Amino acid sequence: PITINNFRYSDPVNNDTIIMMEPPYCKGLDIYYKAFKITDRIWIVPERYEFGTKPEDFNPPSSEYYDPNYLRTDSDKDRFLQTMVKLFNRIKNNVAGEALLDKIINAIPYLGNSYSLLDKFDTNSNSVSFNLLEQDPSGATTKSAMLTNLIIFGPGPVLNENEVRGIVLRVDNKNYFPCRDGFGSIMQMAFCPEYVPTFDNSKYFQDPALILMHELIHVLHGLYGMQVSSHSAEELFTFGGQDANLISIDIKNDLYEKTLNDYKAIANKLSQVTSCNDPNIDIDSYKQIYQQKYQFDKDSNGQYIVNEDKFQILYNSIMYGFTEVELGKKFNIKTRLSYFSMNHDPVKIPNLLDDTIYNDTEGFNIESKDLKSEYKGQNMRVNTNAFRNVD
């Protein structure tokens, strides 16, 4: 069973669920931020997403809403953390959302990539590992390495604009994404639970759990090494609905053939693996995990091969099994019709933390307040205390 853990931002590091983490884009730069393991293979780092930014990138210049002082204090950070804990509980408490989390957790990044040694599992790129400080039983503070799937940061410059990105590796003077190429990588999220969009199609604000789950679906594409590159299509598959129907059959077919091919390449790679650089990794245990993850068969030789039909089911469940439209349905959260709607001013949700405004089994749509029906708890003309406008 999946547990979402509990912690207070000020609790002490413990080498387990609270650590000082060197984020992957800080590899070897020895900058550490306090991080929290919400659940296996998922960390929350309550900080602003700052990789590749100037500190002046963080003010309004001269839809997009800024505030450079959001998430800078212990109090800010603790509020953000408790909020994320609630949003993960809200996701997990519906069986649809917990299947999402289970798939994300299980979809571990392959221990290597297109430019990794073919016969070795490689736990040593920043695309699969972060460093931490660990506190020895002897009193010494040492530095180690950990495998993970997802790290969730607070937002970058623009508060109400969440992004998901796989780790970029620099290889032969090129940008390379193991999350586009079958292997997957650590995925990183810049996420802001307080600032959600609005829409009509009679005006509604979005439930932040469903913006979270939309982002987790991008994270799932990426763990499966299926992030859709330059098309965007990634955003249409993720939204689902009739929008998915706009990616032509011609493009669905290149994407499908392309992924089929990477998986074949990975099937071949998995067959050669005879050792790992990291003593702590059980070679045969990881081979089974990856057989299971990629849904490979074994041939008579002992080789791994792609069984076409099992690939088609897997692909189908990755691209079509989880969308915003369907998750909204299953959770009773109201959704836009189509990705393409003028983005009305977002709004602030100042208190997700209070069960009278938002709980973890029903969201804003609390039935004891008779706000379940017709999604009244998301209606801007009905549930007037839940939001605030922004300046």
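In case it trips you up, residue 1 is the first one in the sequence shown, and so on.
Visitor: Going by the record, give me the number of deposited-sequence residues missing between residue 201 and residue 202 as none, 1 to 3, 4 to 9, or 10 or more.
Guide: 10 or more residues are missing.
Visitor: What number of residues from the deposited sequence go unmodelled in the gap from residue 231 to residue 232, classed as none, 1 to 3, 4 to 9, or 10 or more?
Guide: Gap between residue 231 and residue 232: 10 or more unmodelled residues.
Visitor: For the C-alpha atoms alone, is the average B factor greater in 321-329 or in 339-347, going by the entry?
Guide: Comparing 339-347 with 321-329, the higher mean C-alpha B-factor belongs to 339-347.
Visitor: Given the B-factors recorded for C-alpha atoms, which segment has the greater mean, 297-305 or 91-99?
Guide: Per the deposited B-factors, the answer is 297-305.
Visitor: Quiz for you: based on the deposited Cα B-factor, which of 113, 83, 138, 148 is highest?
Guide: Highest C-alpha B-factor among the listed residues goes to 138.
Visitor: Go through 43, 65, 358, 32 one by one and give the residue whose Cα B-factor in the PDB entry is largest.
Guide: Reading the PDB entry, the winner on C-alpha B-factor is 65.
Visitor: What third of its chain's C-alpha B-factors does residue 183 belong to: lowest, middle or highest?
Guide: It belongs to the lowest third of the chain when residues are ordered by C-alpha B-factor.
Visitor: Lowest, middle or highest third: which one holds residue 75 when the chain's residues are ordered by CA B-factor from the entry?
Guide: Its C-alpha B-factor belongs to the highest third of this chain's values.
Visitor: Would you check the entry's CA temperature factor for residue 382 and let me know if it's in the chain's lowest, middle or highest third?
Guide: As the PDB entry reports it, the C-alpha B-factor of residue 382 lands in the highest third of its chain.
Visitor: Using the B-factors in the PDB entry, rank residue 279's C-alpha atom against the chain and give the third, lowest, middle or highest.
Guide: Highest third - that is where residue 279 ends up once the chain's C-alpha B-factors are sorted.
Visitor: How does the C-alpha B factor of residue 287 compare with the rest of the chain: lowest, middle or highest third?
Guide: Middle third by C-alpha B-factor.
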